Amino acid sequence: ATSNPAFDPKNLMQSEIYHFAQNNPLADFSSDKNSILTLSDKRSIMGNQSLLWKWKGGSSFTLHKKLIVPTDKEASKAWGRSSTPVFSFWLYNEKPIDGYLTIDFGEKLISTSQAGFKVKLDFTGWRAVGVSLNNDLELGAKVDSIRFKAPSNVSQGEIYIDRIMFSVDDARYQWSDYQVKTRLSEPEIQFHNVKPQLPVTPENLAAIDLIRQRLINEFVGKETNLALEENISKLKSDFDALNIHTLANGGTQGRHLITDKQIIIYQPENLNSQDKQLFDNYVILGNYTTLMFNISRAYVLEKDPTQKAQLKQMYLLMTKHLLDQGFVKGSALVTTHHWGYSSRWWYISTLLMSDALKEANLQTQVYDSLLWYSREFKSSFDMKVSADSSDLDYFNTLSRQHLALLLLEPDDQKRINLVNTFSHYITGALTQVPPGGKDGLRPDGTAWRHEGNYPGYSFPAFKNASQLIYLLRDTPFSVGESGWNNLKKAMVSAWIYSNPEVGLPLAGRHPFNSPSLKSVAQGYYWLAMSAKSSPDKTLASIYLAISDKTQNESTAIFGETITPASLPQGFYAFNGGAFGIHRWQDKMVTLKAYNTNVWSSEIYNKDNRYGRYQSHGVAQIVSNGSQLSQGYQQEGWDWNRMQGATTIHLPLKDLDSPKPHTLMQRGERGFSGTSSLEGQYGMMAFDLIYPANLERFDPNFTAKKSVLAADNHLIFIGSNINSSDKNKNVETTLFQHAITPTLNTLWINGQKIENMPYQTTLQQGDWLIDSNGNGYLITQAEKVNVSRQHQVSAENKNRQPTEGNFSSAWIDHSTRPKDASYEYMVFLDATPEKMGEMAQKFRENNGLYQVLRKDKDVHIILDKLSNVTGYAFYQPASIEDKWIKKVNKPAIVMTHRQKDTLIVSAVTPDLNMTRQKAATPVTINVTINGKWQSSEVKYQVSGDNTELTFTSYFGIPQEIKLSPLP
Ligand SMILES: [Mg+2]
């Protein structure tokens, strides 16, 4: 506390704190005749002393402090977010008081003299009080008096007060509690309950106790976001440093606990040097509860009975300190927003310490406390299934903590009702198709957070959701098979689109830091072993592959011999993110577009700044293993030249998102994505359309870009390429990778190139091989540049300069000012000798493929190596073709004429929804030439032709095997 008034314009944001750790500590204080003010060092919040206020009923004391109380607007302008001036203090009751403390604000007040508020005193322990001076009183610029009036209807009493504070606080976070009413309330959990109820039986009680044990097993036998500490010496050293002591007639003394979010009320960056030194003695709750958990784990594993006893007493003393500090039912502590970050490992510690809390008579208090602070999470914790229940962050950060809370419920029948309802809630959350872009699993196996397919969020959710199902397995609380089935689909999908990292195009806002299935490995075992007929051989075989375990190792893990999964082969369509995956030997190709329903990129204030082209019809080739080792190196990476994309090469200042904070740029139409045929062949259709009027986006930049993927190869074609500037700087990237001692070689037309720097220009009939063994045969292009060069770039978070040496090749479209085009072919198993053979086949009247149409309405590609035809209907159209005659919606159709059968697949990659609406099926009428007979696709001969009726739901392809009619 200074001589300056509260909210002094020298620094509005500099808190005035009465902590009493200064010279002449009661200077600013006066009492009426019926109050006595002391310093007591027996408990405190900040510094080592608090104010002991002895009083007769109706008596007052006064703080003499001038307040220049700012408007919310002024507070807000000073801080930079919505703010209010707050009055806050801590008080301790050794005994409950049946009445109210009145806090009054005025000018030159005495016991007998504007606005004020009430604090109910019917509690024991520390409580915090915090009110908006502008918004929570029942204030003119002359206020200099804060009067504390003991209740009138109570003959006498005693209250300890510390850390009386005037500060600027976030206007969201003065919360109402059992002591103080504010304008803000987080209402208490009201648990849903499912009928019929399971009875308390020995069986149902044993199952509850097995689920608790199984949770204990997971936490004592590595968790992300858990700072594990197994050295007892260290746990004891950290504990002693808390300086906790039991006091005589109840409570503790020790270092004050505060959450990472609660500190905001002090404005720590603006504290005077005196206060900050004291504030620096606080303990952050996250660290404290992590310690409580690490102690609980050691206690469980401890074989020495003396060390075990000590670890228990340390845990119970930390629990006692935590409760006495006011982390109890009905104590808001002004706010506990983002509660999970401070408490997740407290929840879990209570499972390990459940019998110790029972014996110490602490279970009910710790249950009431955790349930109270859990009210922040009411939307999930009430356990009523809703459109929002499939939240992937919940599955990651809260789902096990939720179960732990329910398992801590003291009544047996209520605990069974809660866990039964939880089983139903998780089954619904894992089964339902959330409407619009709401979080959760999808029917193509994508898994959405931030309104799109998002591996970075789904991967941790898969791990913990699998673990939950496994914790509940083979009990009356087991998750329904519908939830198990849907999660299997999402997890098998993730195995398909990862190798073992997701491609650049699936990296979300973290390009070059893709999530890895290696982080999800244990979820494959959990889900495998929690099958209705365990183990699921598919999931088990994936677990072994991803974890690098042998067939020999399988019998002990799964209880039967299982061959580790070989890498998946063929083509898989995932229109949930407007992508598809082509797999051949150890390579995966991520083909990715975007549309109205699929954002191109997530770009934040300090993430993915240069990500504009993340989804620009990219076709990133990844062999099994580290992408960095394959030359996907952030440093010096040309963000313009994402593999397979058609882009405008821009300076980074212009490629950078035009929003300083968040942009998730969606496309201009529903249609773009992939389709599949026979699980083996794929096609991408990408309609590249820019917004009419977004800064730095050329409104006339267009392309049509199709890819047909079969076996060891991909045929890439593009048409209708334009920009505002006659295709100046318009380019299609064949590849880009870093040059290293292991990635040092390019082949051009049978010549090894290792020089750095190197440039050349190629055209139709030329080929290359990159250092990753991909061959590129140029089949239509006037100018392809090849470069080995030093590149300067900037990193995607803070735009700081980077540099590196790269091999790349791109088509220069500036040679065709209007409706530029390209064609080229990739071989995934290229060698100089085989690329020589592919080039000869190309010169033999193009033995490789034929483009049957390439215009704004349709792209048609006959692959002569695979004998498959792909049809990208960018617009409904009648066409001339051997198989297909007409399609009445934008669609992707594929055909394969085997011996005596014609296989036809169709889809629209258009998911047919909005951010709000549920996806509904699109009916696609595909007319085919000739008379056919037979899958849920319907067919009807009509004249010399056959009408196929396809139902396209969430961009999920359908196919039908047709045989000819005489
Ligand atoms: Mg103090």
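Position 1 is the first residue of the sequence, and the numbers go up from there. Just so you know, these numbers use all the heavy atoms, side chains as well, and skip hydrogens, waters and symmetry mates. Each ligand, and each atom within it, is numbered from 1 in the order the structure gives.
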Q. Below 6.0 angstrom between ring centroids: does that apply to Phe191 and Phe381?
A. no
Q: Compute both the distance and the angle, then confirm whether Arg344 meets the cation-pi test with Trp346: under 6.0 Å from the six-membered ring centre, within 45 degrees of the axis.
A: no
Q) Under a 4.0 Å N-O cut-off, is there an ion pair linking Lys276 with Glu269? A) no
Q) Hey, are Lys181 and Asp136 close enough for a salt bridge, meaning a charged N less than 4.0 Å from a carboxylate O? A) no
Q. Which protein atoms of type N, O or S are found under 2.8 Å from the Mg ion (ligand 1)?
A. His19 O, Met46 O, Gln49 O, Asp162 OD1, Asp162 OD2
Q. Under a 4.0 Å N-O cut-off, is there an ion pair linking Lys149 with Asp104?
A. no
Q.
Once side chain to side chain donor-acceptor pair (under 3.5 Å) is applied, do any residues pair with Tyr173, and if so which ones, sequence neighbours excluded?
A. none
